[PDB]
Amino acid sequence: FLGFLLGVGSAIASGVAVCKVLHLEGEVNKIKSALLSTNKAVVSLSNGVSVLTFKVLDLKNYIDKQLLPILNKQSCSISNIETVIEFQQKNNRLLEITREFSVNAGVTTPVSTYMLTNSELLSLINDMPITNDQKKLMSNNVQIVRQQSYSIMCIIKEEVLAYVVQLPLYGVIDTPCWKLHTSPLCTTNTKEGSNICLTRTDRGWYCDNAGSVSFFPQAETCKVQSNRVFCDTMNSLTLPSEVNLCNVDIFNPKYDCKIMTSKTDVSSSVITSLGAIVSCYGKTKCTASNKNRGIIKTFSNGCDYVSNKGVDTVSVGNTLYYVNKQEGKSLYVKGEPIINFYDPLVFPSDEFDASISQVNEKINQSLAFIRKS
Amino acid sequence: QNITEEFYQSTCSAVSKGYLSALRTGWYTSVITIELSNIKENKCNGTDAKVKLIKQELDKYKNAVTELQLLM
Amino acid sequence: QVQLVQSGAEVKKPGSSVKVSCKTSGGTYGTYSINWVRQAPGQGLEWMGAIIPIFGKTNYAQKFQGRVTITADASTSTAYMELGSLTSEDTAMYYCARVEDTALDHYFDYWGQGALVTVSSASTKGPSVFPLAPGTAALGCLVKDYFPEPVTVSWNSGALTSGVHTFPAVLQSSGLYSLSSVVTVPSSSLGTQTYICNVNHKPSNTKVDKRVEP
Amino acid sequence: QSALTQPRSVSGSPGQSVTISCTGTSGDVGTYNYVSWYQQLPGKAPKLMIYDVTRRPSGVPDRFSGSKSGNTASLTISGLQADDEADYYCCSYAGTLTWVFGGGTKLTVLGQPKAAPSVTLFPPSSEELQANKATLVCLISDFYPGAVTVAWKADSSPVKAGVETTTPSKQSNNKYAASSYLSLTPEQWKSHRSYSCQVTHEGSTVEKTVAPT
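Chains as they are written, first to last, in the authors' numbering: chain B, 137 to 509; chain A, 26 to 97; chain H, 1 to 52, 52A, 53 to 82, 82A to 82C, 83 to 100, 100A to 100D, 101 to 126, 134 to 213; chain L, 1 to 9, 11 to 27, 27A to 27C, 28 to 95, 95A, 96 to 106, 106A, 107 to 209.
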């Protein structure tokens, strides 16, 4: 819910710099002379930056040597039809690149197989200034590598079509992460109204990063493999590690945890990694079901939890929820709900992004202002 | 093991521990080049079906090059 | 088949400007760039500038920077060029050439017949033509005492081309030139065929058709 | 950004190989293998015969073969013919929409036969005499040796006033042309008997005579 607390940045500027360098007068000639021998080379541009240069398709070597010495030989009539297919190949990829860059306007956020084939991407990963661990990670998750890599069309001149494929680096690797799920916590008083609700707004991802915590509220930035959590720190907040305390002791003096106050008596279901949280309030139906044994639980009013072991379904109202069937040990930390610490007439009825300290300060203000009369 | 999860009934929140990381820190750029030649005004009959197909492909190639030049 | 027409020749005064047009008849909508090259009487051409009409992108040589502005109308597929502040050193035969594709070709493939720009101080003077009456025979027309140096001779408005021969101009001591042209014709055709010479003067809008009577 | 340096002239008899060098700076050549040679028959726009470092267009003889090595190009013609008579022009790509031109080499073959000049003289017609003017016109053509000399003789007496003379220029048949104008008043014309235009060519003098009739 903190999604609007992020700063803005540029996603492709690191490639636009290389393009502005490639637009120099004697730039493309250097790259062409370098690739005149092999398909890939290391090229020191005129700005000191060393880049990898891959020649994925050589049509001049095909046109001026095999096709045009047939069309322009003499007597245009070709004997065999094999030339038509040989030219449909080696040109389908250029046509597809043109068709892609026409509708995407220079930058395609997933690098397609036509921009960079899988074998070419694997070779590029193998020949990168990265460690063996990062090489293996990218080789095993080429799909996620494509998800976070742009392809900026750069230049076409001097018989050379150029585009810079800007890839993710994955500097932080194998530092343990954890996902924080949240659900509204409301009192279960018998009244139809005057029911208070507290929620945690720090939901998302958390990762160890240089002694601090990289926290991702926007779940789009993080893809998830079996146990690997790929993320993008361009849309990440940087917190002290003590924010993790907000899991074990929310009233700690170190980190002021972020919460949310509301007065909404609506039930909800939050599917977690290896289970499901159910905030069942009012007359809403809440049923944990199984594929074999029909129904296995009916949730009492409050915020409860079930593990994905044996549970195949959580249904709240008319809303169905298929639980994630991944193995893992769940634990139920028993403890009194926090919402039972405050009073209805003093609890702030409306504060979107609040905290323990801010809610306590508003409580102080209201209590003092009422008692001074 | 390697994936454990806790549910904190106190705050009505769950935490999924046991996940490793791969955080995008910066970027790496590499130049991918396609070398193209020119089919400069080849003149030849379009009566035969095979040569007509060849011309249908030559026009596609030339238009692709020109359109790449245009989109800039 | 594919070619480009070129404007006619003209004459200006030192300090004025000359605007030379170059229209093409090929099309293809490609990224072709028109290049301007005005040689001289002196040996050697001299590359001046270039323009890609599809984008309006231009680039001029350092010898004429700040002096020439090359333009191009995309609707009529015509590329102009305007050279202001003329000097007698800038008298040349302004050609017009293209390259097929700016990214695939790096050499000129097709040209234009070109125009001729003379910039001097003396006033212009439309020429005077007089006929010249005659195996075979020979007749022709003479053109003398004009200031410009574009002069084109034509016979029967394009129906007589064999045996024709036009000589380069002389330099009379009065600062003016003089031109001549000759045509070889059979003997008996002098009494039946009517021979008319066509001298279409470009810089002074003069068109005189002289009938050389045998 | 100055022009390229080419030899001002080379030549070769039929059955011989001629190489024309084209030297430039590191920017023009040496870096870009984009060179182009053009020929120009005086009186027409050029037409190229090499469209890359060593590539020739459609309709160019195999004897034309270009090369390049370290800021120096080499246009080679094998088995010279009487058709390869023009001013060759070396050109090179220099950058984004920037080409540099060579100083031009002048290739005219040594092997070619002499041709006697065909002279023709014309007297002033009626329209010119009706305007107080008279100009004798002596037209020379089809002389291969460039050396010609005109000398006007009024009744076997030399005239040294009003004689103009053109410069021998190449024709479409590779045999040169010329022209000479003698200007005179109408009384200076109607007061003599016979004028002469003597065109000296390798010793052989060709003459033409005119008269007030």
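Think of the CB as a built atom: it goes at the ideal place given N, C-alpha and C, for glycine as much as any other residue.
As assigned by DSSP and simplified to three states, the class of residue i
{"i": "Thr191/H", "result": "helix"}
{"i": "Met48/H", "result": "strand"}
{"i": "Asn197/H", "result": "strand"}
{"i": "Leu171/B", "result": "helix"}
{"i": "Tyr140/L", "result": "coil"}
{"i": "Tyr86/A", "result": "helix"}
{"i": "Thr54/A", "result": "strand"}
{"i": "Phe146/H", "result": "coil"}
{"i": "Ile233/B", "result": "helix"}
{"i": "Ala149/B", "result": "helix"}
{"i": "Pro44/L", "result": "coil"}
{"i": "residue 117/B", "result": "Because chain B spans 137 through 509 in this model, residue 117/B falls outside it and cannot be assessed."}
{"i": "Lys209/B", "result": "coil"}
{"i": "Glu256/B", "result": "helix"}
{"i": "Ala346/B", "result": "coil"}
{"i": "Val157/B", "result": "helix"}
Beta-carbon gap between residue i and residue j smaller than 8 angstroms
{"i": "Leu73/L", "j": "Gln17/L", "result": "no"}
{"i": "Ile395/B", "j": "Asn460/B", "result": "no"}
{"i": "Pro167/H", "j": "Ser14/L", "result": "no"}
{"i": "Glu160/L", "j": "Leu170/H", "result": "yes"}
{"i": "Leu178/L", "j": "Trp148/L", "result": "yes"}
{"i": "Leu46/L", "j": "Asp27B/L", "result": "no"}
{"i": "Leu252/B", "j": "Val301/B", "result": "yes"}
{"i": "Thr397/B", "j": "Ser491/B", "result": "no"}
{"i": "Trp47/H", "j": "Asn58/H", "result": "no"}
{"i": "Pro182/L", "j": "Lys129/L", "result": "yes"}
{"i": "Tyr441/B", "j": "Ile413/B", "result": "yes"}
{"i": "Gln26/A", "j": "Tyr468/B", "result": "no"}
{"i": "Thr58/A", "j": "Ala153/B", "result": "no"}
{"i": "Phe223/B", "j": "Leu203/B", "result": "yes"}
{"i": "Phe366/B", "j": "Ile266/B", "result": "no"}
Residue i versus residue j: straight-line alpha-carbon distance, rounded
{"i": "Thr374/B", "j": "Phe63/H", "result": "58 angstroms"}
{"i": "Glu256/B", "j": "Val18/H", "result": "56 angstroms"}
{"i": "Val133/L", "j": "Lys156/L", "result": "16 angstroms"}
{"i": "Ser62/A", "j": "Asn31/L", "result": "14 angstroms"}
{"i": "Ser403/B", "j": "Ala177/B", "result": "60 angstroms"}
{"i": "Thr50/A", "j": "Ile309/B", "result": "10 angstroms"}
{"i": "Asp101/H", "j": "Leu104/L", "result": "22 angstroms"}
{"i": "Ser7/H", "j": "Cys22/H", "result": "6 angstroms"}
{"i": "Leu100/H", "j": "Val296/B", "result": "8 angstroms"}
{"i": "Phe237/B", "j": "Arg229/B", "result": "12 angstroms"}
{"i": "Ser55/A", "j": "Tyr86/A", "result": "26 angstroms"}
{"i": "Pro312/B", "j": "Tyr32/H", "result": "58 angstroms"}
Start and end residues, alpha helix (DSSP H) containing residue i
{"i": "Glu497/B", "result": "492-507"}
{"i": "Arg282/B", "result": "278-283"}
{"i": "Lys110/L", "result": "Unbroken run through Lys110/L: none, as it is neither H nor E."}
{"i": "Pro123/H", "result": "Not the alpha helix (DSSP H): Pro123/H falls in the beta strand (DSSP E), residues 120-124."}
{"i": "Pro182/L", "result": "182-185"}
{"i": "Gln224/B", "result": "218-224"}
{"i": "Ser443/B", "result": "First-last for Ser443/B: 438-443, but that is the beta strand (DSSP E), not the alpha helix (DSSP H)."}
{"i": "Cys37/A", "result": "No alpha helix (DSSP H) holds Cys37/A; DSSP gives it neither H nor E."}
Segment limits, beta strand (DSSP E) that includes residue i
{"i": "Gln6/H", "result": "4-6"}
{"i": "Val37/H", "result": "33-38"}
{"i": "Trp96/L", "result": "95A-98"}
{"i": "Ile21/L", "result": "19-24"}
{"i": "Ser72/L", "result": "70-75"}
{"i": "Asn58/H", "result": "56-59"}
Contacting residues, own chain, Cβ-Cβ under 7 angstroms from residue i (five flanking each side not counted)
{"i": "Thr245/B", "result": "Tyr286"}
{"i": "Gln1/H", "result": "none"}
{"i": "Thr189/B", "result": "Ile167, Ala170, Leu171, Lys176, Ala177, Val179"}
Own chain residues within Cβ distance below 8 angstroms of residue i, not counting five before or after
{"i": "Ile431/B", "result": "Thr423, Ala424, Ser425"}
{"i": "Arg339/B", "result": "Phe137, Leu316, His317, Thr318, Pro353"}
{"i": "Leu124/H", "result": "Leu138, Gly139, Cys140, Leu141, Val211"}
Own chain partners of residue i with C-beta closer than 6 angstroms, once the 5 adjacent residues on each side are dropped
{"i": "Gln3/H", "result": "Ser25"}
{"i": "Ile386/B", "result": "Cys393"}
{"i": "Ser502/B", "result": "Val482"}
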